[PDB]
Every structure is written in C-alpha cells, then in structure tokens.
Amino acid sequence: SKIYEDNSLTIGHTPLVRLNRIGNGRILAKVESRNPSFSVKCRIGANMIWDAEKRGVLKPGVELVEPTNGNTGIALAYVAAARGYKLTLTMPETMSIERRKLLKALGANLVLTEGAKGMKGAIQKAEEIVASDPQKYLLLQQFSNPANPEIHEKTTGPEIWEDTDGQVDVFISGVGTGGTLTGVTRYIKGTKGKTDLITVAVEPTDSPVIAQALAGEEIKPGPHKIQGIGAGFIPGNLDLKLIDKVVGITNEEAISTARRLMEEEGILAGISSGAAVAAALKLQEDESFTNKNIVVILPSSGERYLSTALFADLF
C-alpha cells in the first residue's frame, strides 16, 4: 500500500516535460509546482522541519518563526499544520491581502512590520521575538540552513538523473536561496561524477550580484520584478564554485517567456519560470549548445501571481 502519514511526506517526484514549440525541442522542463503547496519550496519546508526534529531542537512546545511571506512561508505553514507545530511569520504590512488570507487559512500567526522598513524590518522583528525566549522559539533561516540544499541533493538531483538516464548536459536554475542549484549540482557532478555538466545560474540583469561576485567586482543590487530570485546578496546556501555560467535576464524577457509557456505549452508558470527558460533560449543561439539536452527548473505556477504584471493587459 501507499498511504502517506501526513502531507509533508508527499513531496517530490515532479514531472520532466519536453517543450515542443519553445526552443529546438531539447529543453526539458521540471515542473516544481506539482508539490503539496505547489512550489519548489515544499521540499525545503518539509526537510528543514524534519531536520530540526532529528537534531532534537524541534519538539512539542517549541514554536517556529521565520521572516518570509513568499513560497517558503506557504511551505512552512502547510508542514507545521500537518505535523502539529505553531508557526509565526513576520512580514511587511504592505503584503497582499491575498497572501495573508492564504497563510492564515493554513493556521500561521502573522506579525506585520513597518511598511517603510521592508524585508529588513521583518527580519528584525523575527530576531527580537526569538531573543525574547530562545528556548521557546526556533528560527529556521532558509538562506543559510544546510537542510535546504540537502533535500535537493537527496530528491531533486536523483529525479533528474533517473528521468533522463543520465543524458542531461546542461542544468539551468534561477537563484533565490541557491539551494536548488547547489544540491542538484552536488549530486550530479559530485555523487555521479559527471564533471562535464554545465551548471547555469540565472539572475535579473537589474541585480547581477552573482556575475559581480564571480568577477571580483563590488556587489551592487537593484530592484526587479522576477519574484523568487535575485535576493541582492550571495546566500550562504549558494556554492559559487559549482557554477559554470551566469545568465542575466530582463523583466520583459522573463514575463513574455512565462506567457509562451502557458499559451504554447499549456504549463502554468510564474515569472521566474519564464526567466529560466529565456536563459535556455539564449544559450541555444550559440552553436556549441545545439545538440545538448537542457534541464530547466520551473519553480511555481502562474496561478499564484494573478495580480501581477504577468497577467496585465491580456484583453
């Protein structure tokens, strides 16, 4: 039989679909919205909590706290509800009412911080709360907790190797916390020894922090609209030495390519999914990439961004 004890155990095994109209027919898309709370974060939500239980730092009585309202907040919320923990999320008071209803329905406690203070303010409040009683509260820290890239090394990477029978030549991943790129690459180049794999990091042209860092230049971030990637600094969970190439993508390229995924392939896709695919299209303009099999990660579904520019001016 195959009966899951709780929803956090259903993560992974997402499909690899060939794109037929976008590109030359060799781009293979991994659909991470096929997860329990519908995004690639479902995997780390589950693993960061399972990891804390195994280390003995998470048990009944200990509450969770994290400064985030994006896909990671949604993922932590369904896992905490599924396994019986209380969760507090801090975020700017400017946050969509849509997002807040969803998080609240999953039972999360929402602590809204000063709009003018942005993310730094949310992060601030989260630390005050945990300092208030360090035995009662546990902060997970998605950008540096090793349990994040660990789940990708244990599930995402193996799924990709298996589904392509090891025929993957290029791996493309837009970077947010960096866990996906780091974990999958460690498994393929490290564990399976395919050192000739080309790992491509994708980021906003408007906040090319990874390209800067790799060239030894100063880190100068900027605002952009590709939700989910380009945090503006180099995350502890991003292993810079595993990267072979970085590709910068514009807001317009990301949005228009996300739209082609929905209209031409029938795959609901968010803005960052368009950015990763637009990167594959650029590489295919170079003849050395002509006959290579390219695997790209599609992080989330367009349905979660119905209020953004992704859907603006359709009629």
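Start at 1 with the first residue shown and count on from there.
(request) Could you check which stretch, 2 to 10 or 305 to 313, carries the larger mean CA temperature factor in the entry? (result) So the stretch with the higher mean C-alpha B-factor is 305 to 313.
(request) Return whichever of 75 to 83 and 219 to 227 has the greater mean Cα B factor according to the PDB record. (result) Mean B over CA atoms: larger for 219 to 227.
(request) Among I172, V175, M95, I188, single out the one with the highest C-alpha B factor in the record, please. (result) Going by the entry's C-alpha B-factors, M95 comes out highest.
(message) I'd like to know which of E150, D165, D239, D196 has the highest C-alpha temperature factor in the PDB entry.
(response) Largest recorded C-alpha B-factor: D196.
(request) Place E53 in the lowest, middle or highest third of its chain's C-alpha B-factors, as listed in the PDB entry. (result) Middle third.
(request) Using the B-factors in the PDB entry, rank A278's C-alpha atom against the chain and give the third, lowest, middle or highest. (result) Bottom third by C-alpha B-factor.
(message) Which third, lowest, middle or highest, does the C-alpha temperature factor of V62 belong to within its own chain?
(response) Highest third - that is where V62 ends up once the chain's C-alpha B-factors are sorted.
(message) Lowest, middle or highest third: which one holds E203 when the chain's residues are ordered by CA B-factor from the entry?
(response) Its C-alpha B-factor, which the entry lists for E203, ranks in the middle third among residues of this chain.
(message) Per the entry's values, where does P158 land by CA temperature factor relative to the rest of its chain, in the lowest, middle or highest third?
(response) For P158, the deposited C-alpha B-factor lands in the middle third.
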